[PDB]
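To begin, one chain is listed below as C-alpha cells, in the form deposited in one PDB entry.
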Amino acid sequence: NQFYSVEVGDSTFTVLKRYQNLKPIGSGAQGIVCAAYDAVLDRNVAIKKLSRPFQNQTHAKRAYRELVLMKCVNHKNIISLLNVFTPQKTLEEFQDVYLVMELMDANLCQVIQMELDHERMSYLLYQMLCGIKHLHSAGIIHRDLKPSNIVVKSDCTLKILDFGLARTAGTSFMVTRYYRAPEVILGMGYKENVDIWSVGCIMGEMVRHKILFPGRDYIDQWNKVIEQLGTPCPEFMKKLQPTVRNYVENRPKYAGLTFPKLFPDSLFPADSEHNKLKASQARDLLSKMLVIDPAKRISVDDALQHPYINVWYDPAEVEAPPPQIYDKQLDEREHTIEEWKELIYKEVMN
C-alpha cells in the first residue's frame, strides 16, 4: 500500500509514504497544515489537508478554484503546488484532498513583529507588489490579503498563499477583517487597487507593531479609519447606500491625523542620514496607499515605481507573462456539491 496514517495537530493525515515526519505548522478554516520531509524529492514540503471541502458549495467552489489557480500560476511570489493527492481510490469514496507546497519558514504575522529595517521591509513590500501585479494581470483581485496568508523564508523571500474569493462574491465574506478596503467594507465595489489598501495596512502594522484599524466589527473598524485618516470627501460619501451613507455622513467629523503624526519619526530607525531619508520615503508611500477613496489611491504599478520600493525592481520579476486560465467561467458557474466533487476529483487525478 502507498499510504500511511498519522495523527498530527489533532487530525488524521493519510499520506503517501514518501512524506515523512509530519509536524504541525498552522491551520485555519480551509485546512490543517504540516511540514514534512519528501523522500522522492530530497527536500522539506508543506502538506495541507483541506478541511471539509464538500461541507457545502462555498467550500467546494473555493477548493476547486484554489486548486486550478495554484496549478496554473507560476510566479516566485505566489505559493506553488508541488503535488496533489487523495488517499481514496474512487469518485464514490472520494473525501480528502492534500495539497503539497514548497515549505516556507513563517507567516507574515511573525515577521511583522520584528524590528524590521528598511532593507527587509522594502524588500517584503516589493515582493508582495510583484505577486499582486501578477495576480491582477490574470484578473485575480484578492480583496482579503492579510499577514496570515503571506509566508516568508528566513532569507526574506515571500510568497502569497491564496487568491481571495471569486469575482461573484464581490465585497462579501459569508475572523480577521482589519485589512479590507473601505470600498469593500461599505459595499461600493472595487478595482485592482483594492489590494493596495491591504498592503498599506500591513506596511502600517510593520511600522507601528499594532493593527492599524482594529475592532470588534466593521462599525468599530470604520471609526478607527475616520479617526486616523479623516472623514472622507463629498466626492466619496455621495455614493454610499441609504442606511450606510446616513450613518457615515452622521458620524462625528475628523480632520485626520497627518501621516507624520500617524507614523512618527519615533517608529523608524534613527541612526543615520540614510535612515532619515528612508523614514520620509516610507511615510510618503504609506500616505499614497492608505487613502480611503480608491480613485485617489496609488496603483500597484506606481507603487513599484515609488523610490522606497523601486530599488528592488527587476523586470524579470515584475513583468512576467500573465497566467492564461482555461476556465473563462471559473468564478461564475455554480454546481451542486456532487458536481463540484467530480470537478475536484478530475483535477486531483490530473
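Heads up, when I say rigid core I mean the largest set of C-alphas that superpose within 1.5 Å between the two forms. Numbering starts at 1 and runs along the sequence shown.
Form deposited with a partner chain bound: not shown, discussed below.
- Scanning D217, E93, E273, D155 against its partner chain in the deposited complex with a 4.5 Å heavy atom cut-off leaves one residue, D155.
- This chain is displayed alone, yet in the deposited complex one of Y64, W312, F54, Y37 has a heavy atom within 4.5 Å of its partner chain; that residue is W312.
- Remark: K191 does not count among the residues lining its partner chain in the deposited complex, judged by a heavy atom distance of 4.5 Å or less.
- Taking the partner from the other structure, its partner chain in the deposited complex has a heavy atom within 4.5 Å of a heavy atom of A106.
- None of the heavy atoms of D265 is located within 4.5 Å of its partner chain in the deposited complex.
- Contact check for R167: no non-hydrogen atom falls within 4.5 Å of its partner chain in the deposited complex.
- In summary, the region of this chain contacting its partner chain in the deposited complex, judged by heavy atoms within 4.5 Å and restricted to 177-185, 242-250, 219-227, 98-106, corresponds to 98-106.
- Only one of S287, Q281, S299, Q30 has its C-alpha shifted by 2 Å or more between this form and the one not shown once the core is superposed, and that residue is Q30.
- Remark: with the core as the superposition reference, the CA shift of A166 between this form and the one not shown reaches 2 Å or more.
- Relative to the superposed rigid core, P87 undergoes a CA displacement of at least 2 Å between this form and the one not shown.
- The Cα shift for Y190 between this form and the one not shown, taken after rigid core superposition, is smaller than 2 angstroms.
- Look at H59 and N149: in the deposited complex their Cα atoms move 3 Å or more farther apart than in this form.
- Between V194 and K328, the Cα distance is smaller in the deposited complex than in this structure, by no less than 3 angstroms.
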